[PDB]
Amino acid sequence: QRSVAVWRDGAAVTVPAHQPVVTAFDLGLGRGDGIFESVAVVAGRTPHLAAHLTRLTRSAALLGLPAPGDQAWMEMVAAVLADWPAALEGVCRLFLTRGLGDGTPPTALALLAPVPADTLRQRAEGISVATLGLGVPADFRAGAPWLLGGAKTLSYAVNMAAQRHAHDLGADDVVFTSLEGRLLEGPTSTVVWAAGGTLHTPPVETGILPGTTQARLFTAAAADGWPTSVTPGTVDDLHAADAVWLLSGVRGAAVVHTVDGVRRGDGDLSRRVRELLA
């Protein structure tokens, strides 16, 4: 079961999930010209909705998209949650597109579906990853705002193509690397690794997305006395680590048990990461 709400004349309107909602001329379809958020629905609630709404505002600023505001998104989330089963974990995505062009109103909607069994299983049992190069220097995106570094966009054909290429090798997911070999991020997730008693993540100044799940782990780790660091790591760091995870709003913490075909353990560190994220 799926549910959709569209923002129409200053209100959220529920529409059947199978019914078309975007026209052929919507720039979100034709040019991938829009932004999104992926929000976890757990026990019929959105525990981290505000974190996603703040970043939605930031992505929309980067693309010069007029956003309808927090109250509008909360009305749309409420509309899709109305009849959602508490026992069924969901992914609520929020889309904002440029619409028919800058002048006509942007298209805003909410769409809710179950988290699939295979994503839940990756959370339970972990993932293999392939390292793929993005071809950009680590320092380049900071000086090239047209590359939309730091924006969560609808233009993810490359993100998905990287995952299909990894699937062809036998891997579940991807860690992107800069031209120099620096770790960037996953196509839809943030890389964290444990070494020397510290939790590490790559720096945002490389033009990656600031991940909300990573930020929440780091905040909890500080309160608990687990040191954290922003570290310009390489693939060598993932092999040498005590543990590696990909973090994201919906899948959550996926332990990385294989890097480019090199199997690795987690030093029994995943338990404390999961307790902190709970």
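Numbers follow the displayed sequence, beginning with 1.
If you average the C-alpha B-factors over 17-25 and over 259-267, the higher value belongs to 17-25. Averaged over their C-alpha atoms, the temperature factors of 90-98 and 68-76 are higher for 68-76. Out of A43, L247, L53, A241, the entry records its largest CA B-factor for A43. Note on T153, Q163, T104, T188: the highest value goes to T104, judged by CA B factor as recorded. Looking at the C-alpha B-factors along this chain, the one for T206 belongs to the highest third. When all modelled residues of the chain are sorted by CA temperature factor, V175 is found within the lowest third.
Per the deposited record, the Cα B-factor of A124 falls in the middle third when ranked against the other modelled residues of its chain. When the CA B factors of the chain's modelled residues are split into thirds, the value for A144 lands in the middle one. For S38, the recorded CA B-factor ranks within the lowest third of the chain. Only modelled residues enter the ranking.
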